[PDB]
>>> print(open('start09.cif').read())   # mmCIF, N, CA and C atoms and all ligand atoms
data_model
#
loop_
_atom_site.label_atom_id
_atom_site.label_comp_id
_atom_site.auth_asym_id
_atom_site.auth_seq_id
_atom_site.Cartn_x
_atom_site.Cartn_y
_atom_site.Cartn_z
N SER A 43 0.82 -1.21 0.00
CA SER A 43 0.00 0.00 0.00
C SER A 43 0.86 1.26 0.00
N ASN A 44 0.24 2.38 -0.37
CA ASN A 44 0.89 3.68 -0.25
C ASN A 44 0.95 4.07 1.23
N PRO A 45 2.01 4.76 1.65
CA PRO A 45 2.03 5.35 2.98
C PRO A 45 1.12 6.56 3.03
N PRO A 46 0.79 7.05 4.23
CA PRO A 46 0.15 8.35 4.31
C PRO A 46 1.06 9.41 3.72
N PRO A 47 0.50 10.48 3.17
CA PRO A 47 1.34 11.55 2.61
C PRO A 47 2.12 12.26 3.70
N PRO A 48 3.16 13.00 3.35
CA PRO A 48 3.84 13.83 4.35
C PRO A 48 2.87 14.83 4.96
N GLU A 49 3.09 15.12 6.24
CA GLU A 49 2.33 16.15 6.95
C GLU A 49 2.38 17.48 6.21
N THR A 50 1.23 18.16 6.09
CA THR A 50 1.23 19.48 5.46
C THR A 50 0.67 20.55 6.38
N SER A 51 0.26 20.17 7.58
CA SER A 51 -0.13 21.11 8.62
C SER A 51 0.17 20.46 9.96
N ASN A 52 0.28 21.28 10.98
CA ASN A 52 0.57 20.74 12.30
C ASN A 52 0.19 21.80 13.32
N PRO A 53 -0.71 21.49 14.25
CA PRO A 53 -1.15 22.51 15.21
C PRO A 53 -0.06 22.96 16.16
N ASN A 54 1.02 22.20 16.32
CA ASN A 54 2.05 22.55 17.29
C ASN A 54 3.22 23.30 16.67
N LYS A 55 3.24 23.46 15.35
CA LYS A 55 4.36 24.08 14.66
C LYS A 55 4.13 25.59 14.54
N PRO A 56 5.05 26.43 15.03
CA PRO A 56 4.82 27.88 14.97
C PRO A 56 4.81 28.41 13.54
N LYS A 57 4.19 29.59 13.38
CA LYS A 57 3.89 30.15 12.07
C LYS A 57 4.43 31.57 11.93
N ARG A 58 4.84 31.92 10.71
CA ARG A 58 5.12 33.31 10.39
C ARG A 58 5.07 33.51 8.88
N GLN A 59 4.96 34.78 8.50
CA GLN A 59 5.00 35.22 7.11
C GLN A 59 6.29 35.97 6.86
N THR A 60 7.03 35.59 5.82
CA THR A 60 8.26 36.29 5.46
C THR A 60 8.28 36.52 3.96
N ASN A 61 9.05 37.53 3.54
CA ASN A 61 9.11 37.80 2.11
C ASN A 61 9.80 36.67 1.35
N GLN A 62 10.73 35.95 1.99
CA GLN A 62 11.36 34.83 1.29
C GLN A 62 10.39 33.68 1.09
N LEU A 63 9.56 33.38 2.09
CA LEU A 63 8.56 32.34 1.90
C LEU A 63 7.51 32.76 0.88
N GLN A 64 7.14 34.05 0.87
CA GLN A 64 6.21 34.51 -0.16
C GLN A 64 6.81 34.36 -1.55
N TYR A 65 8.11 34.63 -1.69
CA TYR A 65 8.78 34.45 -2.98
C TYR A 65 8.81 32.99 -3.39
N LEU A 66 9.02 32.09 -2.44
CA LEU A 66 9.02 30.67 -2.76
C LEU A 66 7.66 30.22 -3.30
N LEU A 67 6.57 30.78 -2.76
CA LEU A 67 5.26 30.39 -3.27
C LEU A 67 4.91 31.12 -4.56
N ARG A 68 5.10 32.44 -4.60
CA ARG A 68 4.60 33.24 -5.71
C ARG A 68 5.49 33.21 -6.94
N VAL A 69 6.78 32.88 -6.79
CA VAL A 69 7.71 32.87 -7.92
C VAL A 69 8.28 31.48 -8.17
N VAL A 70 8.88 30.87 -7.15
CA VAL A 70 9.58 29.60 -7.37
C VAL A 70 8.58 28.49 -7.66
N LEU A 71 7.68 28.22 -6.70
CA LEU A 71 6.70 27.16 -6.88
C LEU A 71 5.82 27.43 -8.09
N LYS A 72 5.36 28.67 -8.25
CA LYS A 72 4.50 29.01 -9.39
C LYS A 72 5.17 28.67 -10.71
N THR A 73 6.44 29.04 -10.86
CA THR A 73 7.16 28.76 -12.11
C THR A 73 7.28 27.26 -12.35
N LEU A 74 7.65 26.51 -11.31
CA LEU A 74 7.85 25.08 -11.50
C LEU A 74 6.53 24.36 -11.72
N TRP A 75 5.48 24.79 -11.01
CA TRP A 75 4.20 24.09 -11.06
C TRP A 75 3.58 24.10 -12.45
N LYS A 76 3.77 25.19 -13.20
CA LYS A 76 3.14 25.33 -14.51
C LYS A 76 4.02 24.85 -15.66
N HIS A 77 5.26 24.47 -15.36
CA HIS A 77 6.18 23.93 -16.35
C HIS A 77 5.62 22.64 -16.95
N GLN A 78 5.93 22.40 -18.23
CA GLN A 78 5.37 21.23 -18.90
C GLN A 78 5.84 19.91 -18.30
N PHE A 79 6.95 19.91 -17.54
CA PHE A 79 7.43 18.69 -16.88
C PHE A 79 6.92 18.54 -15.45
N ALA A 80 6.04 19.43 -14.97
CA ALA A 80 5.69 19.42 -13.55
C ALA A 80 4.79 18.25 -13.17
N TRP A 81 3.97 17.74 -14.11
CA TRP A 81 2.82 16.95 -13.68
C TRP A 81 3.17 15.66 -12.93
N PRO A 82 4.24 14.90 -13.23
CA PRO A 82 4.51 13.71 -12.41
C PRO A 82 4.92 14.05 -10.99
N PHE A 83 5.22 15.32 -10.72
CA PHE A 83 5.72 15.77 -9.43
C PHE A 83 4.70 16.58 -8.65
N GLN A 84 3.46 16.69 -9.15
CA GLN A 84 2.45 17.54 -8.51
C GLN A 84 1.68 16.85 -7.39
N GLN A 85 1.99 15.60 -7.07
CA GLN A 85 1.29 14.86 -6.03
C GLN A 85 2.19 13.73 -5.56
N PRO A 86 1.93 13.17 -4.37
CA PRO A 86 2.74 12.03 -3.91
C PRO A 86 2.75 10.91 -4.93
N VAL A 87 3.88 10.21 -5.01
CA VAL A 87 3.97 9.04 -5.89
C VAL A 87 2.93 8.01 -5.45
N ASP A 88 2.00 7.69 -6.35
CA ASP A 88 0.96 6.69 -6.08
C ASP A 88 1.49 5.38 -6.63
N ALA A 89 2.17 4.63 -5.76
CA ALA A 89 2.84 3.42 -6.21
C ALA A 89 1.84 2.36 -6.63
N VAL A 90 0.64 2.39 -6.07
CA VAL A 90 -0.39 1.43 -6.45
C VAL A 90 -0.86 1.71 -7.87
N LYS A 91 -1.31 2.94 -8.13
CA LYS A 91 -1.85 3.27 -9.45
C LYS A 91 -0.76 3.22 -10.52
N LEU A 92 0.46 3.63 -10.18
CA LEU A 92 1.56 3.62 -11.14
C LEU A 92 2.23 2.25 -11.27
N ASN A 93 1.82 1.26 -10.47
CA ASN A 93 2.36 -0.09 -10.54
C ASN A 93 3.87 -0.08 -10.24
N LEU A 94 4.23 0.59 -9.15
CA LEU A 94 5.60 0.69 -8.66
C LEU A 94 5.66 0.08 -7.26
N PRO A 95 5.51 -1.24 -7.15
CA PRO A 95 5.34 -1.85 -5.82
C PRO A 95 6.55 -1.71 -4.92
N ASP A 96 7.74 -1.47 -5.47
CA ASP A 96 8.93 -1.31 -4.64
C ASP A 96 9.23 0.14 -4.28
N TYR A 97 8.40 1.11 -4.71
CA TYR A 97 8.81 2.50 -4.57
C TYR A 97 9.07 2.85 -3.11
N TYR A 98 8.15 2.51 -2.22
CA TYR A 98 8.29 2.88 -0.82
C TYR A 98 9.10 1.87 -0.02
N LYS A 99 9.57 0.80 -0.65
CA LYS A 99 10.65 0.01 -0.06
C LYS A 99 12.01 0.67 -0.25
N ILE A 100 12.13 1.54 -1.25
CA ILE A 100 13.38 2.21 -1.57
C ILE A 100 13.41 3.65 -1.06
N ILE A 101 12.30 4.37 -1.19
CA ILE A 101 12.21 5.78 -0.84
C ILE A 101 11.48 5.91 0.50
N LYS A 102 12.20 6.30 1.55
CA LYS A 102 11.62 6.40 2.88
C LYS A 102 11.33 7.83 3.32
N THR A 103 11.75 8.82 2.53
CA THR A 103 11.45 10.23 2.79
C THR A 103 10.81 10.82 1.54
N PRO A 104 9.57 10.45 1.26
CA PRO A 104 8.93 10.93 0.02
C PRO A 104 8.68 12.43 0.07
N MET A 105 8.70 13.05 -1.12
CA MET A 105 8.34 14.46 -1.21
C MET A 105 7.91 14.78 -2.64
N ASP A 106 7.04 15.78 -2.76
CA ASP A 106 6.48 16.15 -4.05
C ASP A 106 6.04 17.61 -3.99
N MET A 107 5.78 18.20 -5.16
CA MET A 107 5.42 19.62 -5.18
C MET A 107 4.01 19.89 -4.68
N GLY A 108 3.11 18.91 -4.74
CA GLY A 108 1.80 19.10 -4.14
C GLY A 108 1.91 19.31 -2.64
N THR A 109 2.76 18.50 -1.99
CA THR A 109 3.03 18.65 -0.57
C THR A 109 3.72 19.97 -0.27
N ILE A 110 4.71 20.35 -1.08
CA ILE A 110 5.39 21.62 -0.85
C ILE A 110 4.41 22.78 -0.98
N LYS A 111 3.53 22.73 -2.00
CA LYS A 111 2.53 23.77 -2.22
C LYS A 111 1.61 23.91 -1.01
N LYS A 112 1.09 22.78 -0.51
CA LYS A 112 0.26 22.83 0.69
C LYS A 112 1.03 23.39 1.89
N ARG A 113 2.29 22.98 2.05
CA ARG A 113 3.06 23.48 3.18
C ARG A 113 3.23 24.99 3.10
N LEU A 114 3.47 25.52 1.90
CA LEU A 114 3.58 26.98 1.78
C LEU A 114 2.24 27.65 2.03
N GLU A 115 1.16 27.12 1.43
CA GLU A 115 -0.17 27.70 1.62
C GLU A 115 -0.63 27.63 3.07
N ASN A 116 -0.25 26.58 3.79
CA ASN A 116 -0.69 26.37 5.16
C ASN A 116 0.25 27.02 6.18
N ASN A 117 1.29 27.71 5.74
CA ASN A 117 2.25 28.36 6.65
C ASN A 117 2.96 27.34 7.54
N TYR A 118 3.27 26.18 6.96
CA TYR A 118 3.92 25.10 7.70
C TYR A 118 5.39 25.41 7.96
N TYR A 119 6.05 26.09 7.03
CA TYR A 119 7.47 26.35 7.15
C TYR A 119 7.73 27.60 7.99
N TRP A 120 8.78 27.54 8.81
CA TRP A 120 9.29 28.72 9.49
C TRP A 120 10.26 29.50 8.63
N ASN A 121 11.07 28.83 7.80
CA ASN A 121 12.06 29.55 7.02
C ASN A 121 12.18 28.94 5.62
N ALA A 122 12.89 29.66 4.76
CA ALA A 122 13.02 29.26 3.37
C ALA A 122 13.84 28.00 3.21
N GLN A 123 14.82 27.77 4.09
CA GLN A 123 15.67 26.60 3.93
C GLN A 123 14.89 25.31 4.11
N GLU A 124 13.86 25.30 4.97
CA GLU A 124 13.05 24.09 5.11
C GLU A 124 12.36 23.75 3.80
N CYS A 125 11.89 24.77 3.08
CA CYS A 125 11.25 24.56 1.79
C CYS A 125 12.25 24.09 0.74
N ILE A 126 13.41 24.76 0.67
CA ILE A 126 14.46 24.37 -0.26
C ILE A 126 14.88 22.92 -0.02
N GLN A 127 14.98 22.52 1.26
CA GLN A 127 15.33 21.15 1.56
C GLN A 127 14.30 20.18 1.00
N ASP A 128 13.01 20.55 1.04
CA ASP A 128 11.98 19.66 0.51
C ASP A 128 12.10 19.51 -1.01
N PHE A 129 12.33 20.61 -1.74
CA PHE A 129 12.56 20.48 -3.17
C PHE A 129 13.72 19.54 -3.44
N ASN A 130 14.81 19.67 -2.68
CA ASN A 130 15.96 18.82 -2.94
C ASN A 130 15.65 17.35 -2.65
N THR A 131 14.88 17.08 -1.60
CA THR A 131 14.46 15.71 -1.34
C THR A 131 13.67 15.14 -2.52
N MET A 132 12.75 15.93 -3.08
CA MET A 132 11.98 15.48 -4.23
C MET A 132 12.89 15.11 -5.40
N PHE A 133 13.84 15.99 -5.72
CA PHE A 133 14.75 15.69 -6.83
C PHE A 133 15.60 14.46 -6.53
N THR A 134 16.20 14.41 -5.33
CA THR A 134 17.07 13.29 -4.97
C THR A 134 16.34 11.96 -5.02
N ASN A 135 15.12 11.91 -4.49
CA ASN A 135 14.32 10.68 -4.57
C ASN A 135 14.20 10.22 -6.02
N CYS A 136 13.90 11.15 -6.93
CA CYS A 136 13.75 10.78 -8.33
C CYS A 136 15.03 10.19 -8.88
N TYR A 137 16.18 10.77 -8.52
CA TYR A 137 17.46 10.30 -9.05
C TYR A 137 17.87 8.96 -8.45
N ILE A 138 17.41 8.66 -7.23
CA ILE A 138 17.75 7.41 -6.56
C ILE A 138 16.90 6.26 -7.09
N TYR A 139 15.60 6.50 -7.24
CA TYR A 139 14.70 5.42 -7.62
C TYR A 139 14.85 5.05 -9.08
N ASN A 140 15.09 6.04 -9.94
CA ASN A 140 15.13 5.84 -11.38
C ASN A 140 16.58 5.77 -11.88
N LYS A 141 16.72 5.45 -13.19
CA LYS A 141 18.04 5.30 -13.80
C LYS A 141 18.43 6.57 -14.55
N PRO A 142 19.72 6.93 -14.58
CA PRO A 142 20.11 8.10 -15.37
C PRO A 142 19.72 7.91 -16.83
N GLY A 143 19.24 8.99 -17.44
CA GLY A 143 18.76 8.91 -18.79
C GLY A 143 17.29 8.60 -18.95
N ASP A 144 16.61 8.13 -17.89
CA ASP A 144 15.17 7.93 -17.99
C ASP A 144 14.49 9.28 -18.19
N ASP A 145 13.39 9.28 -18.94
CA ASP A 145 12.69 10.54 -19.20
C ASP A 145 12.27 11.23 -17.90
N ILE A 146 11.85 10.46 -16.88
CA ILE A 146 11.44 11.12 -15.64
C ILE A 146 12.62 11.81 -14.97
N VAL A 147 13.83 11.26 -15.11
CA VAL A 147 15.03 11.89 -14.55
C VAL A 147 15.38 13.15 -15.33
N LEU A 148 15.30 13.09 -16.67
CA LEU A 148 15.53 14.28 -17.47
C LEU A 148 14.54 15.39 -17.10
N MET A 149 13.28 15.03 -16.83
CA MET A 149 12.30 16.03 -16.39
C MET A 149 12.70 16.66 -15.06
N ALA A 150 13.06 15.82 -14.08
CA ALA A 150 13.51 16.33 -12.79
C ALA A 150 14.74 17.22 -12.94
N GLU A 151 15.70 16.82 -13.78
CA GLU A 151 16.90 17.63 -13.95
C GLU A 151 16.56 19.00 -14.52
N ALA A 152 15.60 19.06 -15.45
CA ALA A 152 15.20 20.34 -16.02
C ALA A 152 14.52 21.21 -14.98
N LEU A 153 13.64 20.61 -14.18
CA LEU A 153 12.99 21.36 -13.10
C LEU A 153 14.02 21.84 -12.08
N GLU A 154 15.02 21.01 -11.77
CA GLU A 154 16.01 21.41 -10.78
C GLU A 154 16.88 22.56 -11.29
N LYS A 155 17.24 22.53 -12.57
CA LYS A 155 18.04 23.63 -13.12
C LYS A 155 17.28 24.95 -13.00
N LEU A 156 15.99 24.92 -13.32
CA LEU A 156 15.14 26.10 -13.17
C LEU A 156 15.03 26.52 -11.71
N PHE A 157 14.81 25.55 -10.83
CA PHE A 157 14.73 25.83 -9.40
C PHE A 157 15.98 26.54 -8.90
N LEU A 158 17.15 26.03 -9.26
CA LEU A 158 18.38 26.61 -8.75
C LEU A 158 18.58 28.04 -9.24
N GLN A 159 18.16 28.34 -10.47
CA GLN A 159 18.21 29.72 -10.95
C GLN A 159 17.34 30.63 -10.09
N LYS A 160 16.12 30.19 -9.79
CA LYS A 160 15.21 31.02 -9.00
C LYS A 160 15.73 31.21 -7.57
N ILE A 161 16.35 30.18 -7.00
CA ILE A 161 16.89 30.30 -5.65
C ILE A 161 18.11 31.22 -5.65
N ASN A 162 18.89 31.19 -6.72
CA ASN A 162 20.01 32.12 -6.86
C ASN A 162 19.54 33.57 -6.78
N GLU A 163 18.27 33.82 -7.13
CA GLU A 163 17.68 35.15 -7.11
C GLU A 163 16.79 35.39 -5.89
N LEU A 164 16.94 34.58 -4.84
CA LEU A 164 16.13 34.75 -3.64
C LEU A 164 16.36 36.14 -3.04
N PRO A 165 15.30 36.90 -2.75
CA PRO A 165 15.49 38.23 -2.15
C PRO A 165 15.98 38.16 -0.72
N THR A 166 16.65 39.23 -0.30
CA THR A 166 17.12 39.33 1.08
C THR A 166 15.93 39.45 2.03
N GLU A 167 16.10 38.92 3.24
CA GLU A 167 15.07 39.03 4.27
C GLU A 167 14.82 40.50 4.60
N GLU A 168 13.55 40.88 4.65
CA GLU A 168 13.21 42.26 5.00
C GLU A 168 13.38 42.47 6.50
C1 LIG A 201 8.49 11.34 -9.13
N1 LIG A 201 8.07 10.10 -9.74
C2 LIG A 201 6.77 9.80 -10.32
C3 LIG A 201 6.70 8.30 -10.68
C4 LIG A 201 6.17 8.19 -12.05
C5 LIG A 201 6.65 7.27 -12.95
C6 LIG A 201 6.17 7.21 -14.27
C7 LIG A 201 5.16 8.05 -14.77
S1 LIG A 201 4.64 8.01 -16.39
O1 LIG A 201 4.78 6.67 -16.86
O2 LIG A 201 3.38 8.67 -16.48
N2 LIG A 201 5.73 8.93 -17.18
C8 LIG A 201 7.12 8.42 -17.33
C9 LIG A 201 7.95 9.19 -18.34
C10 LIG A 201 8.07 10.65 -17.98
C11 LIG A 201 6.69 11.24 -17.75
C12 LIG A 201 5.88 10.40 -16.77
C13 LIG A 201 4.71 8.99 -13.84
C14 LIG A 201 5.19 9.06 -12.53
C15 LIG A 201 8.19 7.87 -10.56
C16 LIG A 201 8.96 8.99 -9.85
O3 LIG A 201 10.09 9.01 -9.44
#
>>> encode(input="start09.cif", output="structure tokens", more="lines below")
Ligand SMILES: CN1C[C@@H](c2ccc(S(=O)(=O)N3CCCCC3)cc2)CC1=O
Amino acid sequence: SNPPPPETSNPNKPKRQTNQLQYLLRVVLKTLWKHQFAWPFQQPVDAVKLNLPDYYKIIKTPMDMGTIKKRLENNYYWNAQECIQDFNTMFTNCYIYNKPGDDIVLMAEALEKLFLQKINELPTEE
């Protein structure tokens, strides 16, 4: 079976609004979400529907952009680095589970190159 998705809200986790987190939602996530390669990454890997029975035997820290989007919308993150770490987990999982040269890996690599450009332009904390 699929595991439960990663937590996207938590009543005990403190909250704040920052210009860097707003940039991650309004610029970084927005750009990646609408990219033509985004769709396999817009929700948790459904190993049942995709017929990937070993996926969660190999990947123990799943992550996807649907989860990241909810975390940003729900004010789950305290700082930008927590969000950046989640994007990197998503990319790394893809590179670990799949083989170099697979189309899904090429898609992830393209999304990551775009992501790193946008993070290079992260605004300073106000
Ligand atoms: C992040 N993920 C998602 C999982 C997934 C696998 C295959 C398909 S696919 O067969 O639809 N297709 C493959 C070729 C490139 C476009 C998508 C979708 C999702 C695997 C993975 O590491």
>>> residues_near_ligand(input="start09.cif", ligand="ligand LIG 201 (chain A)", cutoff="8 Å", atoms="all atoms listed in the file", output="ChimeraX atom specification")
/A:79,81-89,92,94,105-106,132-133,135-140,144-150
>>> closest_residue(input="start09.cif", among="A:128, A:117, A:141, A:151", to="residue A:53", atoms="only C-alpha atoms")
A:117
>>> atom_distance(input="start09.cif", atom1="atom C of residue A:157", atom2="atom CA of residue A:119")
18.2 Å
>>> axis_aligned_box(input="start09.cif", around="stretch 48-55 of chain A", padding_each_side="3 Å", output="lines of an AutoDock Vina configuration file")
center_x = 1.6
center_y = 19.3
center_z = 10.3
size_x = 11.5
size_y = 18.6
size_z = 19.9
>>> closest_atom_pairs(input="start09.cif", of="stretch 93-132 of chain A", to="stretch 56-66 of chain A", cutoff="8 Å", atoms="only N, CA and C atoms", output="tab-separated table")
residue	atom	partner	partner_atom	distance
A:114	CA	A:63	C	7.0
A:116	C	A:57	CA	7.6
A:117	C	A:57	CA	5.4
A:118	C	A:56	C	6.4
A:119	C	A:58	N	5.9
A:120	CA	A:58	N	5.6
A:121	C	A:63	CA	6.2
A:122	CA	A:63	N	5.5
A:123	N	A:63	N	7.9
A:125	CA	A:66	CA	7.9
>>> atom_distance(input="start09.cif", atom1="atom CA of residue A:68", atom2="atom CA of residue A:131")
20.6 Å
>>> atom_distance(input="start09.cif", atom1="atom N of residue A:99", atom2="atom N of residue A:54")
28.6 Å
>>> closest_residue(input="start09.cif", among="A:52, A:127, A:153, A:158", to="residue A:80", atoms="all atoms listed in the file")
A:153
>>> select_by_dssp(input="start09.cif", residues="stretch 50-163 of chain A", states="alpha helix (DSSP H)", output="PyMOL selection string")
chain A and resi 61-65+72-76+97-100+107-115+122-139+145-162
>>> build_atoms(input="start09.cif", residues="stretch 71-82 of chain A", atoms="N, CA, C and O atoms", output="JSON list (two decimals), in the frame of the given file")
[["chain", "number", "residue", "atom", "x", "y", "z"],
["A", 71, "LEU", "N", 7.68, 28.22, -6.70],
["A", 71, "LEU", "CA", 6.70, 27.16, -6.88],
["A", 71, "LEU", "C", 5.82, 27.43, -8.09],
["A", 71, "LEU", "O", 5.55, 26.52, -8.89],
["A", 72, "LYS", "N", 5.36, 28.67, -8.25],
["A", 72, "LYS", "CA", 4.50, 29.01, -9.39],
["A", 72, "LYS", "C", 5.17, 28.67, -10.71],
["A", 72, "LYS", "O", 4.55, 28.07, -11.60],
["A", 73, "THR", "N", 6.44, 29.04, -10.86],
["A", 73, "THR", "CA", 7.16, 28.76, -12.11],
["A", 73, "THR", "C", 7.28, 27.26, -12.35],
["A", 73, "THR", "O", 7.04, 26.78, -13.47],
["A", 74, "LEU", "N", 7.65, 26.51, -11.31],
["A", 74, "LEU", "CA", 7.85, 25.08, -11.50],
["A", 74, "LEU", "C", 6.53, 24.36, -11.72],
["A", 74, "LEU", "O", 6.45, 23.44, -12.54],
["A", 75, "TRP", "N", 5.48, 24.79, -11.01],
["A", 75, "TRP", "CA", 4.20, 24.09, -11.06],
["A", 75, "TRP", "C", 3.58, 24.10, -12.45],
["A", 75, "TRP", "O", 2.93, 23.13, -12.85],
["A", 76, "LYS", "N", 3.77, 25.19, -13.20],
["A", 76, "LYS", "CA", 3.14, 25.33, -14.51],
["A", 76, "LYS", "C", 4.02, 24.85, -15.66],
["A", 76, "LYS", "O", 3.56, 24.80, -16.80],
["A", 77, "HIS", "N", 5.26, 24.47, -15.36],
["A", 77, "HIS", "CA", 6.18, 23.93, -16.35],
["A", 77, "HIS", "C", 5.62, 22.64, -16.95],
["A", 77, "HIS", "O", 4.91, 21.87, -16.28],
["A", 78, "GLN", "N", 5.93, 22.40, -18.23],
["A", 78, "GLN", "CA", 5.37, 21.23, -18.90],
["A", 78, "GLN", "C", 5.84, 19.91, -18.30],
["A", 78, "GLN", "O", 5.20, 18.88, -18.53],
["A", 79, "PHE", "N", 6.95, 19.91, -17.54],
["A", 79, "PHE", "CA", 7.43, 18.69, -16.88],
["A", 79, "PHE", "C", 6.92, 18.54, -15.45],
["A", 79, "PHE", "O", 7.31, 17.59, -14.76],
["A", 80, "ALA", "N", 6.04, 19.43, -14.97],
["A", 80, "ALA", "CA", 5.69, 19.42, -13.55],
["A", 80, "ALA", "C", 4.79, 18.25, -13.17],
["A", 80, "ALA", "O", 4.83, 17.81, -12.02],
["A", 81, "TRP", "N", 3.97, 17.74, -14.11],
["A", 81, "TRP", "CA", 2.82, 16.95, -13.68],
["A", 81, "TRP", "C", 3.17, 15.66, -12.93],
["A", 81, "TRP", "O", 2.43, 15.32, -11.99],
["A", 82, "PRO", "N", 4.24, 14.90, -13.23],
["A", 82, "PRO", "CA", 4.51, 13.71, -12.41],
["A", 82, "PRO", "C", 4.92, 14.05, -10.99],
["A", 82, "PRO", "O", 4.95, 13.14, -10.14]]
